[PDB]
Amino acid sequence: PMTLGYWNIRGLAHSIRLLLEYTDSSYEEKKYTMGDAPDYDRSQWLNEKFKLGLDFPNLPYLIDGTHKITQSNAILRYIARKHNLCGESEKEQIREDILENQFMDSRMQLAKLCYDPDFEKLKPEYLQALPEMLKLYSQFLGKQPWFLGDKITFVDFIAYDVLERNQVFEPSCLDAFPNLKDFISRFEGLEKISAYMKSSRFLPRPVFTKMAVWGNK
């Protein structure tokens, strides 16, 4: 079937794995392992990086027959397009493109902090800015069950990931924003998702690679 290659990490493959699971996609996961010692060995990946036929070899990568895809957003969009989990009106396509990029911005702010040796000094700073961020997502979701209204689409898999992951980092962050909390419960409530989370193939942690100072493994 399909092939999803990535580190044995949650990271950029989380929303991908959930969507594949949700759409009932048939796939195999090629999971790469990293070293621990001062040399975080990546030979397992680098050895076949150029032998899979990728135009821009990267992790994660999806291979579906003739289609070799890299870049997590392109991979999501690909599966999304195949199952109609995309925005329909231009109104919805706009929100989609905004959130797709907005979440990628949020995702990267956590990543920067969690890989920085000065994590301890920088963390409080992050936490003070976090509620401004969460407020805008809250404002945007409103009374809607999903981010583009009534129908679940690919952005919700992205949203879930970056929102839920912040809740592990700082457990109480979403408490002031009920609708965000409910979103997380509603997503996890979805039949295909809950069933997957109760399986042994889940993998919600480690969040980051072994080189991170937080959420590393």
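Definition used throughout: the rigid core is the maximal C-alpha set that superposes within 1.5 Å between two forms. All residue numbers refer to positions in the sequence shown, first residue = 1.
With 33-41 and 49-57 as candidates, the stretch whose CA atoms show the greater average offset from this form in 5 other deposited structures of this protein after a core fit is 33-41. Legend: mean Cα B-factor per stretch from the PDB entry, 135-143 versus 94-102; the higher mean is in 135-143. On average the C-alpha atoms of 199-207 have higher B-factors than those of the other stretch, with 199-207 and 5-13 being the two compared. Which of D36, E188, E164, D182 has the largest Cα B-factor in the deposited entry comes down to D36. Annotation for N47: C-alpha temperature factor in the highest third relative to the rest of the modelled chain, per the entry. Split the chain's modelled residues into thirds by C-alpha temperature factor. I75 is in the lowest one. Among the modelled residues of its chain, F56 has a C-alpha B-factor that falls in the middle third according to the deposited record. Ranked against the other modelled residues of its chain, the C-alpha B-factor of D150 as given in the entry falls in the highest third. Per the deposited record, the Cα B-factor of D175 falls in the highest third when ranked against the other modelled residues of its chain.
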